[PDB]
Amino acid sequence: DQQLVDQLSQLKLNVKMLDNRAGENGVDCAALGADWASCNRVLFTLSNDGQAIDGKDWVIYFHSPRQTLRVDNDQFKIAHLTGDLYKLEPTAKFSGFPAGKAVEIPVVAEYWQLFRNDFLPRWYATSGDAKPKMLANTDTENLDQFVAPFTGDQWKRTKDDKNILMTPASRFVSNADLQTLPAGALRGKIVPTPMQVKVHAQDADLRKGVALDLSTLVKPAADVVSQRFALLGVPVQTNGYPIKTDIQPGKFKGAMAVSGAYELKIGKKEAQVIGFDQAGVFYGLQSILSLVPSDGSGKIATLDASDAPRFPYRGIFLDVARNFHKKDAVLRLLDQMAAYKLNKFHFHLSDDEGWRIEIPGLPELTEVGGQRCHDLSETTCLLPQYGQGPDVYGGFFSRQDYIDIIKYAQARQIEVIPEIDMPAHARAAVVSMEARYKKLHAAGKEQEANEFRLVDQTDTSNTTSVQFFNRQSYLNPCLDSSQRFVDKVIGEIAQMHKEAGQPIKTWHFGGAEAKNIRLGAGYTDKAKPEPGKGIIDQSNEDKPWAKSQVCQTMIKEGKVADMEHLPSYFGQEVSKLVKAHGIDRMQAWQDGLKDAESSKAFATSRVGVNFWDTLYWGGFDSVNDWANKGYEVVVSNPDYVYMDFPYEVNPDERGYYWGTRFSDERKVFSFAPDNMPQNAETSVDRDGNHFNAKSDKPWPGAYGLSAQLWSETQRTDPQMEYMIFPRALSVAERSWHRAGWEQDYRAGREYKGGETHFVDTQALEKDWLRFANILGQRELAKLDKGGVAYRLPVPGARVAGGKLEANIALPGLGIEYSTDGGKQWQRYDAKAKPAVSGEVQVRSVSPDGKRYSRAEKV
C-alpha cells in the first residue's frame, strides 16, 4: 500500500563501482550473456534510517544504460521492462530492510561503466494502487548524492587501457604545451579563420557606436546583426563608425564564388562588407563582431580580408527526443551558431523515447509520444526512461513554436533540417499510433483507427534494438498505413516550413541501425558456445519483421528480396514520398542506405549521408566509397564530433563514450575531416592507443561537417549547453576553415600514429594555441553574454618549490585556488605564484566572474 511506498521512498541509495573488468577477474561474463564476455560488478546499497520495511508487495524501478545480468543478494531479483527501465523486487527469501541497517545488493551488469554519469538518478518505488514515489536522495542531478566516487583504476575499460586519467597533475601536462599570448599577439584574428587576411597596424575605434548600412539584408537578418552589436557593447548610431554593405556575386571567382562568401575591409574611419549574397554580407558582419574585444574597449584591428566556406554544410545536430530541450535553449543555440557561421540545424525531433513536434491530425504523437510517465499500459504516456522520475516528464514544440524556430534560424542564415527516424528508433510514433488505434477502435471507427497504424497485428518477431527496446521500436515498413503515416508527417512539417518562409531542402529519415542486436557478433548461441562471447539462446531471435506477415507477402510478390533488405527498401520508398512533397534532397545515417546500389537508387536528385564510422575501425577507408557512390558525405564521426561524449577522461565528467573516451576543444579542432587518414598522426583511439590509416581509393571530397548533441544524459538545458559549448566553436572553425596543416588526401599514404611524421604538427599546435587563446581571452566572455551554460575547464596544476603553478586548456581564463579545502578562494597570478602547503584545490572562473568550473584537489 501507500505506507509501503512511503517507507521505501525514504531508503537512501548508494551506488558504488566494484569492478569494471569483472571478466578479467574471474566472473564468467560469457555465461551471463554479456556481449563479448565483458561485464562489471556494482554495489547498490539501500540504507534505512527508519523502522523495518517488511512488506513484500513492492517493486522498485530504476534506469540504466547497461543491462543487469546477475543479482548477488538472494533476497532480491532484477528484471528488464523495455529500453533503460528495470525493476528490483523482493524474492521469496526477502526478510525486509531492517531498521537502521544498510542492505547491500551487488549486481553484475553488461560491459563497463567508466563514468559516474552512467548511473541514472530518480529510482522510484511502487506498491499495489499506491502512487509511485522516488527514493528521495536520488531525486537530483547531483550524482554525489547517491554515486560514490571512483577510486584507483576503476576508470579503465581494460587492463591495457592507455587513456590518461585527467587530474590537476596530469591535466597540467596535457596543457603544458600551451601558454597565454599577449593581447598584442591576437590582433585582427577573426573566428572562424578567414581564407585570406592582412592586418594593418591600426585600430578602428567603435566605442562611440557604429553606423550600419544593412539595406542588403532582409529586416529579420538585419535585426539579428544590430542586436549583436548591442549585446557586445557597441552602440548603433547614425553618427558612429560607418559600416557599409553591398552584394555583388560577380566580385567573386573560383572557390570564393559561393554562398556566404564576402570581402571585408576595416579601415580606421569606415568599414566595408561586400557579399556574394545576403549570407555573405551577414557573415562579413559576424567577422567584424568576432573581433569586438571583451574589455569593452571597442577597438578592432584595421585589416583586409577575403573569406569563403570550405563546406556549404556546417551543421550542429540536436537530439530533443531522448530528453526535451526548451525553445529558448534552441534559440540560444541558433544565436551562437550564427555568431560562428555554422549554417545547418539538424533537428532530431523523434526517437524511441519521445516525439517532439505537434502534427495536425495526429494528436497522439504529442499527447502520448511527447511525455513519459509510469503507465505500464502506455495509453497516456510512453514508459519512463533516462532518470527523469516516474511522473509526467516531457514537452514538445507546438506548430507555432516550430514555425517560430524556423523563422529564427532563417534570419540567421541557418537551414533547419528535420529528422523523423524510421524505420528503427520509432518507438514513440509506434506506441502513440497504437494508442490512437485503441482509442478509435473503441469507438468502432476501425478505418480511422487503422489509417496510420504502424504495427502489423500478426507480427510476433523477437528482436532487440541497440537501446534494448523490442519490436515496437521498429515502424513496419511494409504497411500501407505506415506510408500513410510518413506522408502525413512529411506533408504537415513541410507546410510549417513553407509558412515559416524556409521550404524544406532536405528531409532526414534517420536510417539508424535496424537490426536485432541479439544476432550480433559478440553474442553466441547456447547450443554451441564459442569462447569470449555472450552466451544466449539465439533459437528464438529473429531479424526485424521476420514474423510480420505483411512483410512476408511483400517479399513474396517481388517488391523486396528478403527481410534483410527491408530497411534499404524503406529508404527508397521514403525518398519517393520526400520527392512527392517537393523536397529534392534526402539525408540519413549511413546504415539506412548501405544496402542501396548507389545514389541513383533514390528519387531525390541529392542524397546526403551522415557518415559515422570511427577511424580506428576503418572509417578512413569506408568514407571514400560513399562519395564515390554519389552520396554527399556529411562528416559526423563519433570519435571526434559527437558532443554527447566527454570533454576529458575523468569519471566525474558527463557523456556517453562508446565511440571514443573523450573529445575536447583541442581534439575537435585537430580533426581533419577531408583527409581522414591524417588523423592517425594527431589523435589516439578509444583506448588511447596509436592507430594507422591509409586509403588507396579515390576521394572526391566531403560535402560538410556536422557535430552531434545526442541527449541520453543531457537531462536539462544547462547540461545540453555544457556539452555543446565551448567545443562547438572548434566545430565551427574546422567546418569553415581548411588549415594549412590539413593535407590534401593522397591515395596510398599510410599515416602511422607515433611513427610517421607527414603532418605539420608544429603548424597544428601553433594554430590551436592561438585559437584556445581567442576562446579564453575573448569569445567565452561573449558566451557569457549569450546566456549559455558552457563548460569551464578545470585547471591543470602542480606544486614546485612550494608554490602553485596553474595552467588551463583555454588560456586567458581566470584561475582560482583554495588552501582551506574550498572554503575561501583566491585569484591565481602566474607572475606571483602562491606559496602553498598541504591540500590545495583549483577551479577556473568565467570572464564575467559569475560561474566556476568544478573544483579539484591538486
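We number the residues from 1 along the sequence you see.
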field: Mean temperature factor over C-alpha atoms, higher-scoring stretch between 556-564 and 420-428
entry: 556-564
- prompt: Once you work out the mean C-alpha B-factor for both 822-830 and 38-46 from the entry, which is higher?
  reply: 822-830
- prompt: When you compare the CA B-factors of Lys156, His200, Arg585, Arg484 as listed in the entry, which one comes out on top?
  reply: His200
Options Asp205, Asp72, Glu367, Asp161 - largest CA temperature factor per the record: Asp205
message: Which third, lowest, middle or highest, does the C-alpha temperature factor of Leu18 belong to within its own chain?
response: middle
task: Pull the Cα B-factor of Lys445 out of the PDB entry and bin it into the chain's lowest, middle or highest third.
output: middle
statement: Entry-reported C-alpha B-factor of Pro242 relative to its chain, by third, is highest
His325 CA temperature factor, ranked by third within the chain: lowest
- prompt: Hey, what third does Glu721 fall into on Cα B-factor, ranked over its chain?
  reply: lowest
